[PDB]
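Student: I'd like to ask you about the structure that follows.
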Amino acid sequence: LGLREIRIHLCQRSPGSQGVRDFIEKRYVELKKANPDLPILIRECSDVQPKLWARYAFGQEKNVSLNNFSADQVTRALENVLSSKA
Amino acid sequence: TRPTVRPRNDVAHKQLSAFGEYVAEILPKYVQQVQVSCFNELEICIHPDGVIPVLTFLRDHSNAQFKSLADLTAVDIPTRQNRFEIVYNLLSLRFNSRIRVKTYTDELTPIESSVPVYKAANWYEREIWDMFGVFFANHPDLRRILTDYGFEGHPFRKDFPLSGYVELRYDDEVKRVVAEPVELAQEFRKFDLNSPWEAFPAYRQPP
Amino acid sequence: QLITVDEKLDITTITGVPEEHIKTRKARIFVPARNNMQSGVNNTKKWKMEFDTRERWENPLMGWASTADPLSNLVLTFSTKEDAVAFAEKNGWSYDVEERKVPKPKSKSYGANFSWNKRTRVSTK
Amino acid sequence: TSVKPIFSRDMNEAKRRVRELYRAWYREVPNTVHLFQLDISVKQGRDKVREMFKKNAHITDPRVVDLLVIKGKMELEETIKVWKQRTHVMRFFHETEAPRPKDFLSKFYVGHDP
Amino acid sequence: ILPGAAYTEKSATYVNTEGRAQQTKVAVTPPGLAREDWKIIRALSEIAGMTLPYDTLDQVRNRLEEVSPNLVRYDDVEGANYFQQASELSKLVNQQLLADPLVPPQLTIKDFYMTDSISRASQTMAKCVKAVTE
Amino acid sequence: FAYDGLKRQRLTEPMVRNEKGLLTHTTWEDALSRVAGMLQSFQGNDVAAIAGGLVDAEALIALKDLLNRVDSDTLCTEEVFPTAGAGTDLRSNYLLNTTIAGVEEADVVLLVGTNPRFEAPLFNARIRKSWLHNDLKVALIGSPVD
Amino acid sequence: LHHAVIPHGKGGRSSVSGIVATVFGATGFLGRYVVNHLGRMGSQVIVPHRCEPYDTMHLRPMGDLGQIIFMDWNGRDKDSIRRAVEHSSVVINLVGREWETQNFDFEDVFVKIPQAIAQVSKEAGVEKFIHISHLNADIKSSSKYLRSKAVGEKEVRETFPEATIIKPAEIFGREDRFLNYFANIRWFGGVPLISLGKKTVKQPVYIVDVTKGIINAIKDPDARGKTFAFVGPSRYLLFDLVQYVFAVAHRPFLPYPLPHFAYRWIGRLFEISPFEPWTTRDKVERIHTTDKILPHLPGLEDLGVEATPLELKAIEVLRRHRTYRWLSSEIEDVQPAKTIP
Amino acid sequence: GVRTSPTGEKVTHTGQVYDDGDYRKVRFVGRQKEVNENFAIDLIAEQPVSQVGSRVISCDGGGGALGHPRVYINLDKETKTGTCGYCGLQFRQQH
Ligand SMILES: NC(=O)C1=CN([C@@H]2O[C@H](COP(=O)(O)OP(=O)(O)OC[C@H]3O[C@@H](n4cnc5c(N)ncnc54)[C@H](OP(=O)(O)O)[C@@H]3O)[C@@H](O)[C@H]2O)C=CC1
Ligand SMILES: [Zn+2]
């Protein structure tokens with residue numbers, strides 16, 4: 001019943017995604033380097049509320065809003081997805 | 001006098017222009033536009049509230065005397081906020097002249113019935129209601145006139161399809177004529193005829 | 001005396017259209033592309049509304065193209081995009097709007113055909 | 001947002017016109033079945049009247065309601081005066097329509113229409 | 001074999017090399033018993049008991065928006081960033097380059113005309129191939 | 001001119017193998033049930049899918065969502081792209097980030113292991129347009145193609 | 001599928017259903033409904049007919065242009081049967097008389113002609129074959145009509161093993177010889193019945209139910225090699241049925257028993273007409289035969305058809321039998337007949 | 001020339017013929033397939049090629065105003081003949 005895929009949607013220029021943009025610039029390479037086999041799909045799009053998608057076994061999905069989240073809270077939200085697995 | 005060109009009659013153009021501004025001066029409450037065409041037809045464009053006052057003035061005023069309602073019709077122009085243009089074509093036997101009066105309305109707004117001004121308008125307004133769906137208030141007996149009993153929609157609207165939505169046939173099982181969704185053995189063929197080159201510069205619209 | 005009506009214009013219940021051809025249709029609002037075979041631009045001035053293409057089949061008797069779509073030939077003309085969108089909302093049609101494509105302005109120079117040192121020098125006339 | 005009314009100035013006034021029409025349609029069905037010699041029952045006809053009123057229960061524009069009542073009244077006048085024929089009265093029941101399944105799979109089998 | 005629709009026969013989304021999303025329009029309907037491709041799989045899922053949660057073209061496009069939000073921004077090129085990170089990760093695993101010279105599959109015009117099922121089935125392309133070779 | 005291939009070799013009916021192992025026409029209901037049966041007996045790595053070159057995005061997600069419901073992730077494409085490092089995690093890694101119109105803004109173009117004339121004819125046309133009007137410089141690593 | 005038989009359209013008059021059907025005996029009572037339902041959806045119908053062309057005119061408006069094709073045929077001429085069936089995908093056999101003529105007897109119409117059609121249809125490679133038999137078909141039946149149905153039903157089974165065989169009860173409809181039959185007895189005063197109609201039970205079935213069942217069998221892949229019993233939803237005592245017929249028609253009902261022997265004498269007297277007999281001895285036997293109960297055979301419900309009660313459609317058939325005084329009585333004015341639970 | 005298919009059905013000058021197994025040929029049963037047996041492709045090939053002296057010749061199809069629009073045919077290519085695009089007559093430059 002474990003995790004299969006993670007998607008991060010964010011805007012390139014919006015201030016609501018600044019923390020998410022910060023997280024990718026700083027902690028993405030080491031997180032990917034930690035999980036070499038787990039697809040982490042970062043998909044930018046203009047004027048979209050930043051959001052996290054986690055896909056577990058047999059297609060179950062959950063999404064978390066990251067609007068206004070800090071670089072710290074993004075690390076927390078992913079750390080939830082990578083830790084507890086629904 | 002070039003043989004193939006329609007001659008221009010300027011005495012009538014001046015006469016119609018004079019009467020046009022005469023109407024506008026007398027009825028500024030309702031008249032929005034007055035124009036005369038290059039083939040000498042005067043059109044008065046009015047606010048819909050002025051249908052009865054304008055038509056009554058044109059019928060009764062001694063310098064108008066438009067006693068005959070030649071025609072009353074509507075035009076559907078979907079791009080407009082008020083899509084329906086209502087057109088009264090009047091004739092003056094006394095002054096051997098014609099005038100056109102135009103107003104507007106939409107799907108949900110009624111127009112005052114002009115039957116009290118011209119009894120000719122009774123069936124014309126029934127036709128406009130039947131074919132365009134424009135409701136006329138205080139009409140003596142408004143109801144479909146041209147379409148089939150129970151027909152749904154207003155065929156002369158531009159968004160009504162040419163072949164309609166239903167068609168009839170005789171069904172032997174129920175021993176009566178039945179109505180069913182329209183299917184055509186040969187679809188009507190749409191032709192794109194417009195040339196991509198401008199034809200009439202004089203009517204060019206600014207960009 | 002005027003009344004205050006405070007809802008979006010909806011005329012779907014008084015248009016006579018069947019339910020199938022309101023909810024299931026997809027209207028396209030667009031300015032037609034210029035037919036590439038001709039240089040005239042006079043057919044790219046007005047906005048158009050068309051509906052999604054549906055099945056056509058061959059008539060068994062003659063092989064003609066039969067259809068069951070009452071809207072197959074319906075095309076509407078509008079002055080502006082807003083007018084077309086206003087029409088689509090009150091009739092209850094889902095619609096897609098494609099932005100107008102205006103040719104980009106170009107810099108043309110006949111004298112550039114004879115450049116002293118640039119590649120725009122033409123080898124024939 | 002100030003528009004000219006047709007009849008009813010607001011929804012409460014319009015709804016009263018709806019109920020007056022519904023009573024007239026409800027009372028007329030027994031005569032319609034008798035006069036047109038329809039094989040349906042008085043219950044079947046009255047159920048059809050309900051069905052036609054129920055499909056327009058989501059309207060909140062008093063003007064749209066007034067037009068529906070106007071068209072309903074005209075629709076009733078044709079029936080009472082026997083301007084309609086039996087074919088026109090029985091067009092409400094679509095007796096020759098083969099039912100069209102509304103589920104995805106049944107549609108998927110029969111064609112491309114959604 | 002499940003017969004599907006060609007690109008002229010469906011309203012489908014395609015993303016070009018820029019990442020620009022664009023949609024086709026139905027010009028004709030599929031032939032015979034062929035069906036819209038996403039509808040075949042949706043129909044299959046219901047039969048299999050694992051019904052997918054979208055029954056129309058618009059709904060399945062809402063699903064595309066949840067996976068990659070730019071797949072529904074039609075005619076828009078959404079910019080993509082973070083080349084610095086993609087370059088850092090590309091240096092983790094070293095690998096050798098082959099001694100083979102870089103040779104594209106298409107060297108001359110004859111190699112251009114047939115490259116997919118549609119053009120392979122095309123008699124006009126076959127005429128073109130015969131012409132350039134001969 | 002390849003549109004005339006849409007009138008040839010077309011699949012117009014579902015097919016299944018008969019007792020002789022030969023393809024024979026059948027109905028959607030039969031063909032779908034036969035596939036539906038096998039899909040219910042397999043899970044995970046036993047079920048895979050390959051997407052060809054002409055597949056639309058609506059079909060691509062529907063097939064992924066279906067195979068994800070048997071806990072399969074083997075959703076593959078024929079065209080290769082290296083997965084090392086970022087792989088497909090970052091869109092910039094597998095896009096033409098300058099855009100087609102951006103070629104007109106470049107002063108140097110370095111082409112590597114490609115024949116844009118046949119791979120992307122209208123992208124090669126854009127390069128020649130810049131080559132001609134902007135005096136663009138072009139360099140190529142690979143087979144010396146015209 | 002050949003490309004020209006793949007369905008297209010939305011199921012209307014101009015659509016293509018993919019069915020190419022030869023309907024034998026399409027000019028009778030059941031035939032006009034079957035042809036109507038095939039034409040509605042855009043089927044190619046071949047109507048081989050024996051009668052004068054004027055008597056097929058009511059069939060012409062049932063199909064789009066070209067969809068109804070008429071041919072001549074002779075029940076004894078097997079060349080004329082290949083011509084009619086050799087382009088078809090389904091063959092429907094609806095041939096039958098309720099009387100014997102000088103030229104055709106019950107064996108001819110219910111054995112020799114059904115067998116010839118099936119044997120020729122089998123040779124032509126016709127995929128599907130629908131044969132109409134009778135609910136009460138039995139070898140030991142007192143009615144020779146029903147004895148031939150049993151022999152014919154069996155013969156069609158060996159000849160065309162994959163044939164769908166349908167066994168309807170008595171059918172009621174505008175042009176039936178059932179409800180119309182009872183309503184017409186008024187011309188003789190009382191209504192004679194064997195044992196006062198207290199010994200016979202009937203389960204009549206609506207014509208449209210039978211037609212829909214036939215049409216669903218063509219399309220249902222599981223109807224092949226099966227035998228169906230098309231019966232109505234309610235079983236009635238004959239006396240209750242005939243009394244209800246007279247109530248709906250608003251005609252005075254004067255039943256009186258008539259013994260079996262004396263009421264064959266009347267049947268023999270009506271057989272002398274060289275025209276269509278008003279009644280026959282065999283007709284007397286069939287009307288008084290109790291409808292069989294055959295639970296082992298699938299019914300209308302197994303073909304997606306929901307049987308129509310006699311009460312909904314009796315007025316549709318019997319209104320024309322009323323006098324002016326009663327023409328406008330509604331459906332509710334007559335209480336339903338008592339049923340056998 | 002009008003041909004008969006192995007099913008016996010005549011082949012039209014447009015190449016149309018119901019293939020064996022096409023139900024649609026039932027429409028001809030007890031009737032006939034209307035086929036015009038003067039194939040225009042064959043008739044025009046029987047005309048002699050006309051030798052002319054000039055490099056350019058004109059064709060109006062004959063009959064002046066009763067023919068087709070007047071066209072002009074180049075005859076410089078000596079491997080082939082100049083054919084009228086309206087009526088199919090052929091022309092040749094004599095030496
Ligand atoms: N109550 C019912 O109606 C029931 C009917 N059935 C069976 O259903 C079938 C049709 O019923 P129905 O339609 O009422 O019967 P009809 O008598 O109403 O029509 C019978 C058809 O058979 C044709 N036919 C009869 N004899 C011959 C013949 N010797 N040669 C050629 N054609 C012939 C007639 O053609 P023409 O018109 O040219 O004479 C007619 O088209 C019959 O098999 C009947 O036994 C079964 C159970 C009950
Ligand atoms: Zn010529």
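The chains in the structure tokens are called A, B, ... from first to last as shown; in each chain the residues are counted from 1, and the ligands are counted from 1 in the order shown.
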Counting only C-alpha atoms and all ligand atoms, name the residues that have an atom within 6 Å of an atom of ligand 1; the answer should be given as a list in words.
Tutor: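 Listing the residues within 6 Å of ligand 1 gives residues 25, 26, 27, 28, 29, 30, 31, 49, 50, 51, 75, 94, 95, 96, 97, 104, 109, 132, 133, 134, 168, 169, 170 and 171 of chain G.
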Student: Give me, as a PDB file with N, CA and C atoms, in the first residue's frame, the set of residues whose atoms come within 12 Å of any atom of ligand 2, counting only C-alpha atoms and all ligand atoms.
Tutor:
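The resulting result-v8.pdb:
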ATOM      1  N   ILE H  44     -13.066   7.926 -77.107  1.00  0.00           N
ATOM      2  CA  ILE H  44     -12.131   8.999 -77.427  1.00  0.00           C
ATOM      3  C   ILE H  44     -10.803   8.438 -77.913  1.00  0.00           C
ATOM      4  N   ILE H  57      -1.855  25.003 -81.436  1.00  0.00           N
ATOM      5  CA  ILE H  57      -3.152  24.807 -82.058  1.00  0.00           C
ATOM      6  C   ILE H  57      -4.214  25.110 -81.014  1.00  0.00           C
ATOM      7  N   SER H  58      -5.400  25.486 -81.477  1.00  0.00           N
ATOM      8  CA  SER H  58      -6.519  25.764 -80.594  1.00  0.00           C
ATOM      9  C   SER H  58      -7.634  24.756 -80.829  1.00  0.00           C
ATOM     10  N   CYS H  59      -8.360  24.447 -79.761  1.00  0.00           N
ATOM     11  CA  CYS H  59      -9.499  23.543 -79.815  1.00  0.00           C
ATOM     12  C   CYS H  59     -10.678  24.194 -79.119  1.00  0.00           C
ATOM     13  N   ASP H  60     -11.814  24.247 -79.808  1.00  0.00           N
ATOM     14  CA  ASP H  60     -13.076  24.621 -79.185  1.00  0.00           C
ATOM     15  C   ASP H  60     -14.064  23.465 -79.193  1.00  0.00           C
ATOM     16  N   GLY H  61     -13.612  22.262 -79.531  1.00  0.00           N
ATOM     17  CA  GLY H  61     -14.448  21.087 -79.519  1.00  0.00           C
ATOM     18  C   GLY H  61     -15.299  20.895 -80.750  1.00  0.00           C
ATOM     19  N   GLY H  62     -15.267  21.822 -81.689  1.00  0.00           N
ATOM     20  CA  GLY H  62     -16.123  21.737 -82.857  1.00  0.00           C
ATOM     21  C   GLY H  62     -17.463  22.400 -82.630  1.00  0.00           C
ATOM     22  N   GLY H  63     -18.042  22.893 -83.716  1.00  0.00           N
ATOM     23  CA  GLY H  63     -19.338  23.524 -83.649  1.00  0.00           C
ATOM     24  C   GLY H  63     -19.332  24.939 -83.130  1.00  0.00           C
ATOM     25  N   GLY H  64     -18.173  25.580 -83.062  1.00  0.00           N
ATOM     26  CA  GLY H  64     -18.129  26.971 -82.648  1.00  0.00           C
ATOM     27  C   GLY H  64     -18.659  27.142 -81.240  1.00  0.00           C
ATOM     28  N   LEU H  66     -21.145  25.950 -79.871  1.00  0.00           N
ATOM     29  CA  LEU H  66     -21.759  24.759 -79.310  1.00  0.00           C
ATOM     30  C   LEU H  66     -20.747  23.799 -78.705  1.00  0.00           C
ATOM     31  N   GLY H  67     -19.459  24.117 -78.762  1.00  0.00           N
ATOM     32  CA  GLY H  67     -18.446  23.260 -78.185  1.00  0.00           C
ATOM     33  C   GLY H  67     -18.072  23.669 -76.777  1.00  0.00           C
ATOM     34  N   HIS H  68     -16.778  23.792 -76.513  1.00  0.00           N
ATOM     35  CA  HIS H  68     -16.296  24.158 -75.190  1.00  0.00           C
ATOM     36  C   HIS H  68     -15.485  25.445 -75.281  1.00  0.00           C
ATOM     37  N   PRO H  69     -15.068  26.029 -74.160  1.00  0.00           N
ATOM     38  CA  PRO H  69     -14.235  27.231 -74.236  1.00  0.00           C
ATOM     39  C   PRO H  69     -12.973  26.971 -75.039  1.00  0.00           C
ATOM     40  N   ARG H  70     -12.611  27.937 -75.877  1.00  0.00           N
ATOM     41  CA  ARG H  70     -11.468  27.761 -76.760  1.00  0.00           C
ATOM     42  C   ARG H  70     -10.172  27.799 -75.968  1.00  0.00           C
ATOM     43  N   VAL H  71      -9.335  26.789 -76.172  1.00  0.00           N
ATOM     44  CA  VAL H  71      -8.061  26.668 -75.488  1.00  0.00           C
ATOM     45  C   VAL H  71      -6.972  26.549 -76.544  1.00  0.00           C
ATOM     46  N   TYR H  72      -5.729  26.698 -76.108  1.00  0.00           N
ATOM     47  CA  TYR H  72      -4.570  26.603 -76.979  1.00  0.00           C
ATOM     48  C   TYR H  72      -3.620  25.550 -76.429  1.00  0.00           C
ATOM     49  N   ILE H  73      -3.117  24.697 -77.313  1.00  0.00           N
ATOM     50  CA  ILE H  73      -2.350  23.520 -76.926  1.00  0.00           C
ATOM     51  C   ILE H  73      -0.950  23.644 -77.502  1.00  0.00           C
ATOM     52  N   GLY H  82      -0.323  16.558 -77.923  1.00  0.00           N
ATOM     53  CA  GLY H  82      -1.101  17.550 -77.218  1.00  0.00           C
ATOM     54  C   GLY H  82      -2.550  17.131 -77.145  1.00  0.00           C
ATOM     55  N   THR H  83      -3.097  17.060 -75.942  1.00  0.00           N
ATOM     56  CA  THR H  83      -4.475  16.648 -75.726  1.00  0.00           C
ATOM     57  C   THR H  83      -5.291  17.835 -75.241  1.00  0.00           C
ATOM     58  N   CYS H  84      -6.509  17.950 -75.751  1.00  0.00           N
ATOM     59  CA  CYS H  84      -7.420  18.975 -75.273  1.00  0.00           C
ATOM     60  C   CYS H  84      -7.966  18.583 -73.907  1.00  0.00           C
ATOM     61  N   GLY H  85      -7.831  19.482 -72.939  1.00  0.00           N
ATOM     62  CA  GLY H  85      -8.300  19.205 -71.599  1.00  0.00           C
ATOM     63  C   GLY H  85      -9.802  19.167 -71.460  1.00  0.00           C
ATOM     64  N   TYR H  86     -10.539  19.625 -72.467  1.00  0.00           N
ATOM     65  CA  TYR H  86     -11.992  19.589 -72.435  1.00  0.00           C
ATOM     66  C   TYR H  86     -12.549  18.347 -73.119  1.00  0.00           C
ATOM     67  N   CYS H  87     -12.156  18.101 -74.366  1.00  0.00           N
ATOM     68  CA  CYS H  87     -12.795  17.080 -75.179  1.00  0.00           C
ATOM     69  C   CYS H  87     -11.905  15.887 -75.482  1.00  0.00           C
ATOM     70  N   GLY H  88     -10.622  15.944 -75.152  1.00  0.00           N
ATOM     71  CA  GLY H  88      -9.761  14.791 -75.274  1.00  0.00           C
ATOM     72  C   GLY H  88      -9.176  14.548 -76.647  1.00  0.00           C
ATOM     73  N   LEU H  89      -9.460  15.393 -77.630  1.00  0.00           N
ATOM     74  CA  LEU H  89      -8.853  15.220 -78.939  1.00  0.00           C
ATOM     75  C   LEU H  89      -7.352  15.468 -78.859  1.00  0.00           C
ATOM     76  N   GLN H  90      -6.600  14.726 -79.664  1.00  0.00           N
ATOM     77  CA  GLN H  90      -5.147  14.775 -79.650  1.00  0.00           C
ATOM     78  C   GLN H  90      -4.627  15.463 -80.903  1.00  0.00           C
ATOM     79  N   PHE H  91      -3.483  16.123 -80.757  1.00  0.00           N
ATOM     80  CA  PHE H  91      -2.868  16.865 -81.842  1.00  0.00           C
ATOM     81  C   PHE H  91      -1.382  16.558 -81.872  1.00  0.00           C
TER      82      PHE H  91
END
Student: Residues of chain E classed as helix (DSSP H, G or I) by DSSP on the backbone are to be reported as JSON, numbers by chain.
Tutor: {"E": [7, 8, 9, 37, 38, 39, 40, 41, 42, 43, 44, 45, 46, 47, 48, 57, 58, 59, 60, 61, 62, 63, 64, 65, 66, 67, 69, 70, 71, 72, 83, 84, 85, 86, 87, 88, 89, 90, 109, 110, 111, 117, 118, 119, 120, 123, 124, 125, 126, 127, 128, 129, 130, 131, 132, 133]}
Student: Tell me as a VMD selection string which residues belonging to chain C come within 10 Å of chain D, counting only C-alpha atoms.
Tutor: chain C and resid 1 to 14 20 24 to 25 54 to 55
Student: Identify, on the basis of only C-alpha atoms, every residue whose closest approach to residue G:124 does not exceed 9 Å; exclude the query and any residue fewer than 5 positions from it along the same chain; express the result as a list in words.
Tutor: residues 82, 85, 86, 87, 88 and 119 of chain G
Student: If you keep C-alpha atoms, can you produce a file of those selected residues as a PDB file, in the first residue's frame?
Tutor:
ATOM      1  CA  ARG G  82     -33.502 -18.742 -52.723  1.00  0.00           C
ATOM      2  CA  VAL G  85     -33.282 -15.296 -48.789  1.00  0.00           C
ATOM      3  CA  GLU G  86     -29.834 -15.553 -50.353  1.00  0.00           C
ATOM      4  CA  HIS G  87     -28.788 -11.949 -49.602  1.00  0.00           C
ATOM      5  CA  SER G  88     -30.223 -11.928 -46.074  1.00  0.00           C
ATOM      6  CA  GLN G 119     -33.839 -25.983 -45.902  1.00  0.00           C
TER       7      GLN G 119
END
Student: Between atom CA of residue B:102 and atom CA of residue B:80, what is the spacing in Å?
Tutor: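 These atoms are spaced 14.7 Å apart.
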Student: What are the DSSP strand (DSSP E or B) residues of stretch 89-326 of chain G, as a VMD selection string?
Tutor: chain G and resid 90 to 93 128 to 132 164 to 168 171 to 172 191 to 193 201 to 202 205 to 206 227 to 230 236 to 237 255 to 257
Student: Restricting it to N, CA and C atoms, dump the selection as an mmCIF file, in the first residue's frame.
Tutor:
data_model
loop_
_atom_site.group_PDB
_atom_site.id
_atom_site.type_symbol
_atom_site.label_atom_id
_atom_site.label_comp_id
_atom_site.auth_asym_id
_atom_site.auth_seq_id
_atom_site.Cartn_x
_atom_site.Cartn_y
_atom_site.Cartn_z
ATOM 1 N N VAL G 90 -30.914 -12.624 -41.703
ATOM 2 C CA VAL G 90 -31.928 -13.294 -40.901
ATOM 3 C C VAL G 90 -33.139 -13.552 -41.782
ATOM 4 N N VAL G 91 -33.775 -14.701 -41.588
ATOM 5 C CA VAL G 91 -35.017 -15.048 -42.268
ATOM 6 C C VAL G 91 -36.088 -15.253 -41.210
ATOM 7 N N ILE G 92 -37.222 -14.582 -41.378
ATOM 8 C CA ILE G 92 -38.342 -14.667 -40.449
ATOM 9 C C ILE G 92 -39.503 -15.338 -41.163
ATOM 10 N N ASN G 93 -40.018 -16.409 -40.571
ATOM 11 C CA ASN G 93 -41.132 -17.171 -41.124
ATOM 12 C C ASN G 93 -42.384 -16.860 -40.314
ATOM 13 N N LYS G 128 -29.212 -16.558 -39.344
ATOM 14 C CA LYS G 128 -30.253 -16.649 -38.336
ATOM 15 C C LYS G 128 -31.590 -16.989 -38.972
ATOM 16 N N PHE G 129 -32.427 -17.670 -38.199
ATOM 17 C CA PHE G 129 -33.732 -18.124 -38.660
ATOM 18 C C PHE G 129 -34.692 -18.051 -37.487
ATOM 19 N N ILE G 130 -35.781 -17.310 -37.647
ATOM 20 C CA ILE G 130 -36.800 -17.177 -36.616
ATOM 21 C C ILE G 130 -38.080 -17.792 -37.149
ATOM 22 N N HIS G 131 -38.618 -18.757 -36.415
ATOM 23 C CA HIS G 131 -39.808 -19.489 -36.809
ATOM 24 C C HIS G 131 -40.875 -19.311 -35.743
ATOM 25 N N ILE G 132 -42.097 -19.016 -36.168
ATOM 26 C CA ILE G 132 -43.222 -18.847 -35.258
ATOM 27 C C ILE G 132 -44.014 -20.143 -35.244
ATOM 28 N N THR G 164 -34.168 -19.890 -33.854
ATOM 29 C CA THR G 164 -34.990 -19.436 -32.743
ATOM 30 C C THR G 164 -36.448 -19.727 -33.065
ATOM 31 N N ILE G 165 -37.114 -20.477 -32.196
ATOM 32 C CA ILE G 165 -38.519 -20.820 -32.363
ATOM 33 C C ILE G 165 -39.313 -20.092 -31.294
ATOM 34 N N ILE G 166 -40.339 -19.365 -31.718
ATOM 35 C CA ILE G 166 -41.177 -18.573 -30.830
ATOM 36 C C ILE G 166 -42.576 -19.173 -30.838
ATOM 37 N N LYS G 167 -43.155 -19.341 -29.649
ATOM 38 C CA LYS G 167 -44.448 -20.000 -29.468
ATOM 39 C C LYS G 167 -45.392 -19.043 -28.755
ATOM 40 N N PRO G 168 -46.070 -18.160 -29.479
ATOM 41 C CA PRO G 168 -46.959 -17.203 -28.822
ATOM 42 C C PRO G 168 -48.284 -17.833 -28.431
ATOM 43 N N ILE G 171 -52.793 -13.865 -29.844
ATOM 44 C CA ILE G 171 -52.314 -12.488 -29.896
ATOM 45 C C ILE G 171 -53.503 -11.557 -30.064
ATOM 46 N N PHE G 172 -53.530 -10.473 -29.297
ATOM 47 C CA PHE G 172 -54.574 -9.471 -29.437
ATOM 48 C C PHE G 172 -53.987 -8.172 -29.973
ATOM 49 N N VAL G 191 -73.796 -15.561 -27.101
ATOM 50 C CA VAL G 191 -72.409 -15.974 -27.299
ATOM 51 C C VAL G 191 -72.279 -17.443 -26.913
ATOM 52 N N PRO G 192 -72.245 -18.369 -27.870
ATOM 53 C CA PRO G 192 -72.120 -19.786 -27.513
ATOM 54 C C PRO G 192 -70.712 -20.124 -27.049
ATOM 55 N N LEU G 193 -70.629 -20.904 -25.976
ATOM 56 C CA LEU G 193 -69.355 -21.329 -25.414
ATOM 57 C C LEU G 193 -69.469 -22.777 -24.975
ATOM 58 N N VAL G 201 -58.753 -21.889 -20.000
ATOM 59 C CA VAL G 201 -57.948 -20.785 -19.502
ATOM 60 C C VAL G 201 -57.072 -20.272 -20.635
ATOM 61 N N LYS G 202 -56.975 -18.951 -20.755
ATOM 62 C CA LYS G 202 -56.193 -18.312 -21.802
ATOM 63 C C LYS G 202 -55.214 -17.322 -21.189
ATOM 64 N N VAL G 205 -51.428 -12.593 -25.414
ATOM 65 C CA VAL G 205 -50.233 -11.759 -25.422
ATOM 66 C C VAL G 205 -50.402 -10.654 -26.454
ATOM 67 N N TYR G 206 -49.905 -9.467 -26.130
ATOM 68 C CA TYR G 206 -50.093 -8.310 -26.990
ATOM 69 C C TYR G 206 -49.219 -8.410 -28.237
ATOM 70 N N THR G 227 -35.936 -22.000 -27.787
ATOM 71 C CA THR G 227 -37.371 -21.980 -28.013
ATOM 72 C C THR G 227 -37.995 -21.109 -26.938
ATOM 73 N N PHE G 228 -38.777 -20.123 -27.358
ATOM 74 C CA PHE G 228 -39.379 -19.155 -26.460
ATOM 75 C C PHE G 228 -40.890 -19.323 -26.443
ATOM 76 N N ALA G 229 -41.489 -19.012 -25.300
ATOM 77 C CA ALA G 229 -42.937 -18.999 -25.138
ATOM 78 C C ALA G 229 -43.359 -17.573 -24.811
ATOM 79 N N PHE G 230 -44.010 -16.911 -25.762
ATOM 80 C CA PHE G 230 -44.461 -15.536 -25.581
ATOM 81 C C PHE G 230 -45.890 -15.564 -25.059
ATOM 82 N N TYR G 236 -56.707 -16.026 -17.735
ATOM 83 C CA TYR G 236 -58.126 -15.783 -17.530
ATOM 84 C C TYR G 236 -58.933 -17.020 -17.880
ATOM 85 N N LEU G 237 -60.049 -17.192 -17.184
ATOM 86 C CA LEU G 237 -61.078 -18.103 -17.652
ATOM 87 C C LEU G 237 -61.693 -17.547 -18.925
ATOM 88 N N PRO G 255 -74.434 -14.979 -22.725
ATOM 89 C CA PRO G 255 -73.803 -16.291 -22.855
ATOM 90 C C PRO G 255 -74.820 -17.408 -22.711
ATOM 91 N N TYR G 256 -74.554 -18.512 -23.407
ATOM 92 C CA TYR G 256 -75.346 -19.716 -23.228
ATOM 93 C C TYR G 256 -74.484 -20.900 -23.625
ATOM 94 N N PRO G 257 -74.490 -21.988 -22.861
ATOM 95 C CA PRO G 257 -73.634 -23.124 -23.204
ATOM 96 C C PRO G 257 -74.060 -23.760 -24.512
#
